[PDB]
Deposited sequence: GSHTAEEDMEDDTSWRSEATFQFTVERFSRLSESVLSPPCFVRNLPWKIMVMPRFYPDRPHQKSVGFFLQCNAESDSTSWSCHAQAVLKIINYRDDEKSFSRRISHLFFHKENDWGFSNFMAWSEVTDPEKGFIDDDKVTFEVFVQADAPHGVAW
């Protein structure tokens, strides 16, 4: 159910080499809140990769602490997938957390590296969130 305390979801960004704007995945519900993968180019140069939580809500009373593993899938060999962990208290003023320089753009888009195929790159997030505050009273 959406009240689950954790989950793993993926989002495949197409026409990756041409990415120019920030892109958002559909939501994955955890602790009944919508979580999304956010990817954006940073300085070509580097891949920006962030985890976003409950960003569309106009509430300013909510908060949810969570730890997560942000990973860029290596389709040729999963042991080569690259990941970084985060731990953050998400709330309206800090609704996303991650790395602007998650990986070098040149490396992720390198066809010989195994992360890109048909100009597509798959992002994955394993999020373990605590019970939120200021949502369901």
Which runs of the deposited chain sequence never show up in the coordinates?
1-12, 56-61
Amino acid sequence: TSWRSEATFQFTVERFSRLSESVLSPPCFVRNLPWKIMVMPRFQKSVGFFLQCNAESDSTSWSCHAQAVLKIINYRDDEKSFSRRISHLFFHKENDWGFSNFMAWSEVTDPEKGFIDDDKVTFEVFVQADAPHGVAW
From here on, numbers count along this sequence of modelled residues.
Mean C-alpha B-factor higher for 78-86, or for 26-34?
78-86
Of 105-113 and 46-54, the one with larger mean CA B-factor
105-113
Among the modelled residues of its chain, does the C-alpha B-factor of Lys120 lie in the lowest, middle or highest third?
lowest
Among the chain's modelled residues, which third holds the C-alpha B-factor of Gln128?
middle
